[PDB]
Amino acid sequence: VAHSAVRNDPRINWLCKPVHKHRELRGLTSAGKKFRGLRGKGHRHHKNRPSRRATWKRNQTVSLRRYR
Amino acid sequence: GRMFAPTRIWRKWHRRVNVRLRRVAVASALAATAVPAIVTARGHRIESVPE
Amino acid sequence: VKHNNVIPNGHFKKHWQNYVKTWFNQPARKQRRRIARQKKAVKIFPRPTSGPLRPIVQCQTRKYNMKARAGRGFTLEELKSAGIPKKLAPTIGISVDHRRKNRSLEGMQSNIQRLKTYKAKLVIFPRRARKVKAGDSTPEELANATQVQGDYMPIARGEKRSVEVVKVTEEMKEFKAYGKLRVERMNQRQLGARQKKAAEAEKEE
Amino acid sequence: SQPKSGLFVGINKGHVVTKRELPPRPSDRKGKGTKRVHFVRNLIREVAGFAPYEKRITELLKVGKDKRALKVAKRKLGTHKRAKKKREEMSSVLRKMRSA
RNA sequence: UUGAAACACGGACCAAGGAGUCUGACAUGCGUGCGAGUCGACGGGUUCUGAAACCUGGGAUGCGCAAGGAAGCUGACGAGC
RNA sequence: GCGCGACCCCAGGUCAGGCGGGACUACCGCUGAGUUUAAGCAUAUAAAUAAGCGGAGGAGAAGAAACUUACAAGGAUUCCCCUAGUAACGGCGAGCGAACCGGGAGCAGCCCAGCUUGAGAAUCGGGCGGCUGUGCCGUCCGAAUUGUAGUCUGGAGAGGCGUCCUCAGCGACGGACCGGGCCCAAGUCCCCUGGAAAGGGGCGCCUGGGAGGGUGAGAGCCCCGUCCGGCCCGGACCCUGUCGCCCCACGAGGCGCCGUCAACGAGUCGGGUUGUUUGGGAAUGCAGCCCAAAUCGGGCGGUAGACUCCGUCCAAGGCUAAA
Ligand SMILES: [Mg+2]
Ligand SMILES: [Mg+2]
Ligand SMILES: [Mg+2]
Ligand SMILES: [Mg+2]
Ligand SMILES: [Mg+2]
Ligand SMILES: [Mg+2]
Ligand SMILES: [Mg+2]
Ligand SMILES: [Mg+2]
Ligand SMILES: [Mg+2]
Ligand SMILES: [Mg+2]
Ligand SMILES: [Mg+2]
Ligand SMILES: [Mg+2]
Ligand SMILES: [Mg+2]
Ligand SMILES: [Mg+2]
Ligand SMILES: [Mg+2]
Ligand SMILES: [Mg+2]
Ligand SMILES: [Mg+2]
Ligand SMILES: [Mg+2]
Ligand SMILES: [Mg+2]
Ligand SMILES: [Mg+2]
Ligand SMILES: [Mg+2]
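For this coordinate set, the PDB header names cryo-EM as the determination method and states a resolution of 2.9 Å.

What follows is the structure, encoded as structure tokens:
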């Protein structure tokens, strides 16, 4: 992503942005999308989106509203 | 040491009143504004006011 | 545990105090969204602040199929019947939904009329100063144009209550409403046994 | 289908509304085999050959053992739906060869 | 503690700190408002000391207004002493 | 007595470049307990948590249905309310526990691979030179035919025909948002007390300014400030508001018909078995190993199975704001 023949290709510029550093170590390649349960959409996969731990945190939260 | 039962931000700070009970109380307050004896008793100097 | 009370079932055995969500930022949320809406309104002026046009759909699931609500977007057939090209609609303020279907004629007719109703009261500025191409408008029209706000095409959720008066006729009084329901339930449950006895007829008879 | 009966119970229960016909969609040809793809896939078959289980299946189809041809296919491929189809495919290959 | 002046334990003295609280669910009682209804609690609008106040939605959100059945299902024809 | 060309490897302090480490609020991946509860305890619970190992950004992740539903059906992702302490799961014990529908916040969809330049690699990098300089131009080397560009992505599309209908940019001034510096009302009048008047009494004044602070005791008027605004300097901006010149096309796109074609991701899906995980129960996801596909075909319709029908979607590649 330092090669100029890459930086001038519109279809692959996305890989030069800082948000794509070490995609494989964060589970964001095709294999990563597989073992993260993201190949599938409905029930049978709903707990994996945004992430299994993000889903768990949301279900753990105690929401104490002002007027309750 | 730490205090007994340390205060937490999830105390119940704000309490709810029924929409209708709020309106009833405003009505009572408005009426009392029209009674000279009560406006006097609440501490307002109303002694040269015409009406 | 003691005296006649309800069986206690509170789910407080984890580290729940680490995931307490309080709402002290609720008034600030309203203000940020208001500023966001207000800032968005200027950057889209004169386009309406409610957004693009949404079609009428019936809700799913028995409990709600008698109620109409806004759907994602118009189908391709609704767009083509009203003569709005596929790739022009989002550019003029009309959402599209390449996924929705038209199984019942009345729904398709209703949403077609919205597109003409929208097209009737839609005005479009030219892409440059003086050139007037297809679909543009008269200068008089473009001065009378303001940023409409709110719901410029409201959706009535369902059928208005009407209690008419008619005459109760002899056929009406003879009709057995309960008898009809029980015989129609009967047919449903005998459907297999009837079809099987029929089916075995052509197998043997 | 014909719309519902207008009654809350029974066969075709539900709310009457004019049913309509939906034009073919792309992917209503999804899976339809096509010429050049089949040309390529046939050609590879002679170049590549047959898998050992595909060889075993035809042998029993050649004896006449339709059941075991299916039963071997199933333990290999996994499901009755695929095993049924692969047996028919082997039977087809068998009828384009032993015809002459 | 059955029994303490106890050959039962703690206490040299003084100052300051020091222990039934907060939260969620439910229940009875009491107070307030409305009442076959009742909640505006997620939002929206508006608001110039106010993160307040005030308006709005609900034609079906919660609870109540109907129950018995495992279920398929059926669902209170009007009280006398 | 050779010199070839390519293949796969060398070594270079070769030209030019990019890598590692740091911080913990929130985010992504892995790994992973026990205290505790069950009035004992082992499944269970604590917990898919703490600790451990890594990876990011200003947000991250997710995202455009191989989705739900069974309805007059709906239609990407995320978040809130409700569903709901519910269906389910559980020494069916202690306990645990989602999703669909519905209502809101915010809404946006895109791009590849493959049959399809063959009269022609039309593509791209680098050195060098020049200029208007985040780039463009010339030229020489090289990458690449074991495939760069263009078309095309199922919602389609390639073709064919056709009245038609649609397309080029730079100026000039600004408005907004961003930072900064300055300027801005009126008593320190008379007596008393006091070390000190900012206290008391008298007489006055400002107030779109009686927020706050300082000054020798409760100061609107002593000073800085506050209200209303005025001014001068500097930015980033890529958003739109108007005046100026330039006039978009035989290319592409839309739309009307046609029916001839119509290509769509493989040790992957899918099945078995093992372990883990889940509310997921003849098996929710994931992972090991074994078997191992199809193209009137494939994945689903929350009880395993065979057949007939029906609804539904199209995986195995990628990007994508906002709430
Ligand atoms: Mg004793
Ligand atoms: Mg003694
Ligand atoms: Mg003792
Ligand atoms: Mg002692
Ligand atoms: Mg004390
Ligand atoms: Mg109600
Ligand atoms: Mg693990
Ligand atoms: Mg604990
Ligand atoms: Mg224990
Ligand atoms: Mg214990
Ligand atoms: Mg023990
Ligand atoms: Mg940790
Ligand atoms: Mg992202
Ligand atoms: Mg409830
Ligand atoms: Mg758990
Ligand atoms: Mg001053
Ligand atoms: Mg004085
Ligand atoms: Mg002061
Ligand atoms: Mg001043
Ligand atoms: Mg499993
Ligand atoms: Mg992504």
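1. Topic: the overall build of chain C
Helix and strand content of chain C: 8 helices and 3 strands. Across chain C, helices and strands are ordered from the amino to the carboxyl terminus as β-α-β-β-α-α-α-α-α-α-α. Radius of gyration (C-alpha) of chain C: 29 Å, far over the 17 Å computed for a compact globule of 205 residues. Projected onto its principal axes, the C-alpha positions of chain C cover 80 × 65 × 50 Å. Residues classed as buried in chain C amount to 20% of the 205 residues present. Taking the contacts inside chain C whose residues are at least 6 apart along the sequence as the reference set, 58% of them involve residues at least 24 apart. Computed over 50 positive and 18 negative side-chain charges, the separation of the two mean positions in chain C equals 18 Å.

2. Concerning the protein's contact with RNA strand F
Lining the immediate surroundings of RNA strand F are 114 residues, of which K33 and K41 of chain A, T61 of chain C together with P26 and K84 of chain D lie closest. Within 4 Å of the protein, the contacting atoms of RNA strand F are drawn from sugar and phosphate to the extent of 71%. One of the side-chain N or O atoms of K40 of chain C is found 2.9 Å from a phosphate oxygen in RNA strand F. At 2.6 Å from a phosphate oxygen of RNA strand F is found a side-chain nitrogen or oxygen belonging to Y53 of chain D. Looking at the surface near RNA strand F residue by residue, the class counts come to 24 nonpolar, 36 polar and 54 charged.

3. A short note on the interface of chain C and chain A
Counting residues at the interface gives 10 residues for chain C, matched by 8 residues for chain A. In total, about 940 Å² of surface goes out of reach between chain C and chain A, with carbon and sulfur atoms giving 61% of it. Put simply, chain C and chain A have 0 salt bridges between them. On the surface where chain C and chain A come into contact, there are 6 residue pairs in polar contact. Sorting the residues of the side of chain C that touches chain A by element identifies β1 (20–22) and α1 (26–44) of chain C as the ones contributing at least two each. At 3 residues, β1 of chain C tops the list of elements feeding residues into the side of chain C that touches chain A. Here the side of chain C that touches chain A is built from residues that sort into 6 nonpolar, 2 polar and 2 charged.

4. Side note on the layout of surface pockets
Within this model, the largest pocket holds a volume of roughly 1,800 Å³. What lines the largest pocket is a set of 47 residues, and nearest its centre among them are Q58, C59, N65 and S104 of chain C together with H15 of chain D. Within the residue set of the lining of the largest pocket, elements represented by two or more residues are β2 (56–58), β3 (68–70), α4 (105–121) and α7 (177–189) of chain C. Residue composition of the lining of the largest pocket, grouped by class: 12 nonpolar, 19 polar and 16 charged. What the second largest pocket holds in volume is close to 1,200 Å³. Lining the second largest pocket are 34 residues, with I92, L122, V123, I124 and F125 of chain C positioned closest to its centre. Taken together, the elements giving at least two residues each to the lining of the second largest pocket come down to α1, α3 (89–92) and α4 of chain C. The residue inventory of the lining of the second largest pocket, partitioned by class, reads 18 nonpolar, 6 polar and 10 charged.

5. Some details on the protein's contact with RNA strand E
Around RNA strand E, a shell composed of 40 residues is seen, among which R68 of chain A together with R37, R157, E159 and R182 of chain C lie nearest. Here a base oxygen of RNA strand E and a side-chain polar atom of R34 of chain C are 3.4 Å apart. One of the backbone nitrogen or oxygen atoms of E159 of chain C is found 2.3 Å away from a base nitrogen of RNA strand E. Only α1 (19–32) of chain B together with α1 and α7 of chain C provide two or more residues apiece to the surface near RNA strand E. Of the residues forming the surface near RNA strand E, the biggest block, 8 residues, is contributed by α1 of chain C.

Thresholds applied
- Residues numbered from 1 in each chain as written, not as in the entry; some residues may be left out.
- Chains lettered and ligands numbered in written order.
- Part of a larger assembly, values for the part shown.
- Heavy atoms only, no water.
- Helix = DSSP H or I, 4+ residues; strand = E, 2+ residues; numbered from the N terminus.
- Rg over C-alpha atoms; globule rule 2.2 N^0.38 Å.
- Buried < 20%, exposed > 50% of the residue type's maximum accessible area, 1.4 Å probe, protein only.
- Contact = heavy atoms within 4.5 Å.
- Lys, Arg positive; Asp, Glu negative; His and termini not counted.
- Charge placed at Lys NZ, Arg CZ, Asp CG, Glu CD.
- Near = heavy atom within 4 Å.
- Polar contact = N/O pair within 3.5 Å; in protein donor to acceptor, adjacent residues only side chain to side chain.
- Nonpolar A, V, L, I, M, F, W, Y, C, P; charged D, E, K, R; others polar.
- Buried area = accessible area lost by both parts, 1.4 Å probe.
- Salt bridge = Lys/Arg side-chain N within 4 Å of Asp/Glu carboxyl O.
- 1 Å grid on protein atoms, 1.4 Å probe; cavity = no way out; pocket = protein on both sides within 12 Å on 5 of 7 lines; lining within 4 Å.
- Points joined across faces, edges and corners; volume = space filled by probe spheres on them.

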